[PDB]
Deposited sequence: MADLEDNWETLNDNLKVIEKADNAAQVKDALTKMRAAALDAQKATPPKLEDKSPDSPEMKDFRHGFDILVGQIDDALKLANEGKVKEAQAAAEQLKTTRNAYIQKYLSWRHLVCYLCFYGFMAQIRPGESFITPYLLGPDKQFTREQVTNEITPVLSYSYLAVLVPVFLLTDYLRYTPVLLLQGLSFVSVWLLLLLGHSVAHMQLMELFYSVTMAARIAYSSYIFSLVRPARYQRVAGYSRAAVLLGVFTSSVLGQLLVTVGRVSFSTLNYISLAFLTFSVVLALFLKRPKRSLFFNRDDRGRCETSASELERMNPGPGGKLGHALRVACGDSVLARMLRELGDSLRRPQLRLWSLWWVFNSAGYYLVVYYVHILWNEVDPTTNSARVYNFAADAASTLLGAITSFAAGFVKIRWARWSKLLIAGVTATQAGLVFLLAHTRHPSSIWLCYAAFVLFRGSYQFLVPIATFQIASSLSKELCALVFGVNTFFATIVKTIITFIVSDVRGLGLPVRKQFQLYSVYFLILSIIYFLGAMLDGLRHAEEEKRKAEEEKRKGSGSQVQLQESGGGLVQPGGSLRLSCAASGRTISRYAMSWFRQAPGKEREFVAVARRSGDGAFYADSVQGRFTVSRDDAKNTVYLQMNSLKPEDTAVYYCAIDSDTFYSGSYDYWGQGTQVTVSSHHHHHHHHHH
């Protein structure tokens, strides 16, 4: 129980994140294999992903707490395998929509991995496991992305070979998940315990941070691609550097020894202010011969977010019950998604306060600044009442 538990958990987190062809799904659909039109992919496929994610997060976090997290991790792996099988053996648009449902199912089961790494270790080791596994996962993503780009830049393999490699890696990840140790009204009980746990201050603070900062981080990450496109290899370089720095910062977060009873709100306020500054750097840096500054700003922003995430998960779990952690994570993620949607309704789409990408990033920076000011006020209130 000494080596294999944590080492194999980190190894599975790394390998389950290896999908070289996941960054080239869109071109593969538009390439000379699927022959899908651009409208078809943009309208009938990705909105399916978003809607299915929103409708699938709820059962996932309602059930992963009960069935233990190993079945849900196996389900995530099998859904990734099904996604690539549909990619390699799907001609109609309905097959691709089913693939997007399965991809949303995969995206909804990360809370299972987090709560699983948390349920296998003594609470005194909550932080380090939070720092290690997350880092590994991010490292995996890094490797995945890099691998894909390398296999399409230095190598001459087609998208079909890349998808076959991704399917083989997904099968290996499923085999790895098969050997994971399974830990050893009901809904009314769970809701009452959730409320009682939310009465605790640390859980409130870190769940609020999750809900109102993961949404902003996902908005910035998703919209920075089109922000840079509006103004190729450099895009991948920035993405890979940000992922690697995120893994490094999660690893570092595993090792920090900050007194969280008093210096938790301050830390969140400072990091959120830094993220607001970095988003403003991403937005207002319109000088064409300055893209290194924009890339550095994005890399540092992702590094800060992936530094704060393991701390958030560890402090949420340490102030929770046994069969609650996954549920809480899911709810936060669920709420985060909703928040993001709300913002992406009021800033980009459905008329609303419609603005270009630069103005959207300015509003995201102002949103992060508002959060930072709110958290600074909270820290001042905590200090004044002490």
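- Gaps without C-alpha coordinates occur at 1-107, 292-332, 380-386, 542-690, with positions taken along the deposited sequence from 1.
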